[PDB]
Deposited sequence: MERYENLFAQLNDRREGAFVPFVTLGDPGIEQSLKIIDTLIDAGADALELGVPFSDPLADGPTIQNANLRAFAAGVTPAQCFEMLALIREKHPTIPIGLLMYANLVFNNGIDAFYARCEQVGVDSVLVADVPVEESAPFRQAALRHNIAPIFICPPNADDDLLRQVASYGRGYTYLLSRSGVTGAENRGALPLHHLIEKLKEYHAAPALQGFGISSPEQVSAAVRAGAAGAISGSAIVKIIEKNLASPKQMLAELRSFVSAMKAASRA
């Protein structure tokens, strides 16, 4: 989260929103994934959100479901993901890195040991997709004891009581997924929530500028990046070029 604090202060000094791509670690192979991530960073991603492949992704659409299948096909395991994370951090010391996890991977070898391992490799935040705030106590407490920011999703069907808990329990940033956006953003500011990133279907440069103008501190591209991977599986060289052009367009749209 300290990396996140630094990130947002610099971006505010430039009147600039954050652009955060999501990819699955190890998709479509370990070596090509590391190249993808380096490409996204060189093209101006401000931070990363990275998924660890899980067998039963109960909160994921089909695009990400297939991404997990490719990674499994390539032999990716949780242990391999953590080696990848140490390598990414060694090469990019200042970029915030957030994990998107499912609870069983966190719980499997001990909740506290998982967050200890995140702290060791230099991960900044963890979002557990199937732990609602009502069940989050042992997870966020382990996160804080190891200086990991716990990320919570603030859903569309959110109400005021959820808003206060998300604002009070989360750190780093608030994952924004009814109620007019603008209100949601000012309510969260009222409760002193971590900066809100819009994450619902951000796929064109125009939505990025709309989110920042609406009060959001930036935007998370939840699946548009994974599609470009899926489109160009047969030509890794073309995959990278399409990724570099998309990301640099999205990043331009946030200034």
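Counting from residue 1 of the deposited sequence, the stretches lacking C-alpha coordinates in this chain are 178-189, 268.
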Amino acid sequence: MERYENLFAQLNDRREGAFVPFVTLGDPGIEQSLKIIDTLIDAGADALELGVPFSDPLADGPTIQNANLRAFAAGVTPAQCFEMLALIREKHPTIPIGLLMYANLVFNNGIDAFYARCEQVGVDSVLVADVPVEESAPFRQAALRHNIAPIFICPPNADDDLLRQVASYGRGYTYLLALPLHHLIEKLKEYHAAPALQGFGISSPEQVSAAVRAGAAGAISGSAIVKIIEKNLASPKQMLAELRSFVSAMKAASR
From here on, numbers count along this sequence of modelled residues.
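C-alpha atoms forming the largest set that superposes within 1.5 Å between two forms make up the rigid core.
Taken in 8 other deposited structures of this protein and fitted on the core, 158-166 and 95-103 differ in how far their Cα atoms move from the shown form, and the one that moves more is 158-166.
With every structure aligned by its rigid core, 104-112 is the stretch of 104-112 and 122-130 whose CA positions lie farther away in 8 other deposited structures of this protein.
Compared against other deposited entries of this protein, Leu144 counts as consistently modelled, with coordinates in all of those that resolve the residues around it and thus below the third mark.
Missing-residue comparison: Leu179 falls in the unmodelled set for a third or more of the other PDB entries checked.
In this entry, 184-192 has the higher mean Cα B-factor, the comparison being between 184-192 and 45-53.
For the two regions 141-149 and 77-85, the entry's Cα B-factors average higher over 77-85.
Placement of the Cα temperature factor of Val126 within the chain: lowest third of the modelled residues, per the deposited record. When the CA B factors of the chain's modelled residues are split into thirds, the value for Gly172 lands in the lowest one. Sort the modelled residues of the chain by CA B factor and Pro155 lands in the middle third. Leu179 sits in the highest third of its chain by CA B factor, as recorded in the PDB entry.
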